[PDB]
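Asker: Take a look at the following structure, please.
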Amino acid sequence: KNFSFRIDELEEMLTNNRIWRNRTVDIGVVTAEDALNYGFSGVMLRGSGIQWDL
Amino acid sequence: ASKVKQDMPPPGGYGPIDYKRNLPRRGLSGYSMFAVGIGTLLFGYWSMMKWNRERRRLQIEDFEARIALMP
């Protein structure tokens, strides 16, 4: 019951922070075909845009 | 006469659990923020204008005293 507020506070410090976005945006971009061939799974695929979840 | 007791949710279940993001707006408008900045700039400029003119007059007075003493 009390955990969504913790996630919200975590997002208040990072999600729209311009320093966080400069550090994380367009860093370590992996294409979907490369992810599948390299054998990535989970959030790696889903960040590349692959609609897969066991 | 003992019944099975176990860890179970209450009758009717538990209340709803919030999980959605709740980032509010909580801010003024860009126009209003810029207006406040310009207003404080103008007030500061006016105050500095008057004070620096007064300081120039004071410097002229001090220089005149020095000129009077110079001979």
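All Cβ positions, even for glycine, are placed from backbone atoms using ideal geometry, and neighbour counts span all protein chains on display. Each value in this text was obtained by applying a stated rule to the coordinates, not by laboratory testing.
Asker: Which fully enclosed helices (runs of 4 or more DSSP H) of chain A have 2 or more residues being away from chain B (no Cβ under 14 Å) and small (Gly, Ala, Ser)?
Answerer: Where helices (runs of 4 or more DSSP H) fall fully within chain A and carry at least 2 residues being away from chain B (no Cβ under 14 Å) and small (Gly, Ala, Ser), they are A:32-38, A:43-48.
Asker: Could you check B:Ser32 against (1) over 30 Å from A:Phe5 (Cβ atoms); (2) surrounded by 10 or more Cβ atoms within 10 Å (Cβ to Cβ); (3) among the small types (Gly, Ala, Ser) and say which number it fails?
Answerer: It fails just one condition, (1).
Asker: (1) within 14 Å of the chain's Cα centre (by Cα); (2) in a loop (DSSP other than H, G, I, E, B); (3) among the aromatic types (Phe, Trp, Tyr): which one isn't true of B:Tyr19, the others all being true?
Answerer: Only one criterion is unmet by B:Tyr19, namely (1).
Asker: Turning to a different aspect of this structure: Looking at (1) within 14 Å of chain A (Cβ to nearest Cβ); (2) more than 30 Å from A:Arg6 (Cα to Cα); (3) of a type in the set (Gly, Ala, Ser), find the lone condition where B:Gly27 falls short.
Answerer: Tallying (1) within 14 Å of chain A (Cβ to nearest Cβ); (2) more than 30 Å from A:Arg6 (Cα to Cα); (3) of a type in the set (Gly, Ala, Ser), B:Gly27 fails exactly one: (2).
Asker: Would you be able to say whether some residue in the range B:35-51 is within 14 Å of another protein chain (Cβ to nearest Cβ) and either out of contact with any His (no Cβ under 6 Å at 6 or more places or on another chain) or of a type outside the set (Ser, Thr, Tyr) (or both)?
Answerer: Scanning the range B:35-51 turns up no residue that is within 14 Å of another protein chain (Cβ to nearest Cβ) and either out of contact with any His (no Cβ under 6 Å at 6 or more places or on another chain) or of a type outside the set (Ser, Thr, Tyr) (or both).
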